[PDB]
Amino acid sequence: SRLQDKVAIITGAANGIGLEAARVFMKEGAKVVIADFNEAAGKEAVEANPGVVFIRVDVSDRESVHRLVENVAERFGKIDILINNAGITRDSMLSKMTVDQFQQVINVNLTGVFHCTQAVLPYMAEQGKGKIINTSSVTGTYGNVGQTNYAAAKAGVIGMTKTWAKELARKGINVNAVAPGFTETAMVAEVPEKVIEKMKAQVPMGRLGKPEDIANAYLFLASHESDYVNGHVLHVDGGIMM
C-alpha cells in the first residue's frame, strides 16, 4: 500500500477534510494520528475507525504541540508525514475587523503551522526523510472579501512552504501545499444558501469540492508518487474563477 507503515500526524483531522484524509491514509496503510482540539469529535473518530489514534492538541499552543509530538514519537518511534490541516475562520470586512479576530486566525492558521512543523522537524531530519503538507486556500492565493486575516494566514503558509522546500530538501524532506477551493465541510456550513450558489457559479465544474477530493491531494503529496514535487501549491478548486 502507498503509505504502508508510515506514521502520519494530521492536524484538524477530527472533522471535514482532515477526517476523510485520516480514513484515506489508513486505507493506504498509514498509522494515523488525528491531532485536533475537538475532543468529542476526536473520540467519535476513534470509535468509528479502529486503529486510528487521537491526541488532543491546540496547534496555536506551543506546549500542546510539544506534548503531541513527544507522544507520537514515544508510541511509534518516527514521524513520516505531517499534514498541517487545522484551521479556523473569523470573518469580517477590514473596516470592522478586530485585533482579536485578526490575531486568532494568525495564531491557528499561520503560527500553528510553524509550531507543528518545527516540532516534527528533528524527527524527520534524523530519519533523513519526511513529507510536510500545508493547507492553504484559494483565499490565500486570490484574496476574498471579508477574509483579511484568513487570506494573510493562508498566503503566509505558502511563503513558509516555499522557504521550507528550499531549506529542508537536503534533509530528504518534501514540503508542499494544497490550495482547496470551496469544499463541503463545516467551514462552509454557516454561509447563506445564496452565496453557495454564487460560489458554485465561479467554478466551471459547477460544484463545490468534497472532503475526499482534498484528501486525495494530501495522499498524492504524502506518497512516493510526488517525490519530485517540491515547493508546489497544488490547487484542488475545480478551476475556480477568483
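Residue positions are given as counts along the sequence shown, with the first one as 1.
In this entry, 94-102 has the higher mean Cα B-factor, the comparison being between 94-102 and 152-160. Averaged over their C-alpha atoms, the temperature factors of 131-139 and 165-173 are higher for 165-173. Highest CA B-factor among the listed residues (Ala30, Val178, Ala48, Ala215): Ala48.
Among the modelled residues of its chain, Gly77 has a C-alpha B-factor that falls in the highest third according to the deposited record. Split the chain's modelled residues into thirds by C-alpha temperature factor. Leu121 is in the middle one.
Ranked against the other modelled residues of its chain, the C-alpha B-factor of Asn71 as given in the entry falls in the highest third. Annotation for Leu3: C-alpha temperature factor in the middle third relative to the rest of the modelled chain, per the entry. Ranked within its chain, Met242 lands in the highest third, by CA B factor from the PDB record.
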